[PDB]
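Below you'll find only one chain, the form deposited in one PDB entry, shown as structure tokens.
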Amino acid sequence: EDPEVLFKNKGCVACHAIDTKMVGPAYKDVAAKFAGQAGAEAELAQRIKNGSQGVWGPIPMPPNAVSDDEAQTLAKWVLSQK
């Protein structure tokens, strides 16, 4: 099997990242940054779906092929990180 496929399928993602510094911000840090903002869930869902740039650094996030509902589910989950 492809190893990235196994990494996801075999539960490793719960406990490990490739790097302490991934290209995008860690979700716990995203959650903390938004702690004083209402409407974080809607904003993040839009960013997740459509892509975004310039908030955390010069590296863009491309759009993601997710539905509105999927984007909202993911935004809520990012915001649920403790």
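Numbers for residues come from their place in the sequence shown, where the first is 1. Residues that one form lacks are left out of the comparison. C-alpha atoms forming the largest set that superposes within 1.5 Å between two forms make up the rigid core.
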Item to check | Segment of higher mean CA temperature factor, 5 to 13 or 57 to 65 | outcome: 5 to 13
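Although it is not shown, the form deposited in another entry is what the next lines describe.
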Item to check | Core-superposed C-alpha of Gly11 shifting 2 Å or more between this form and the one not shown | outcome: yes
Item to check | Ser67: Cα shift of 2 Å or greater between this form and the one not shown (core-aligned) | outcome: no
Checklist entry - Looking only at residues found in both forms, which runs of 3 or more have C-alpha shifts of at least 2 Å between this form and the one not shown after a core fit? => result 1 to 21
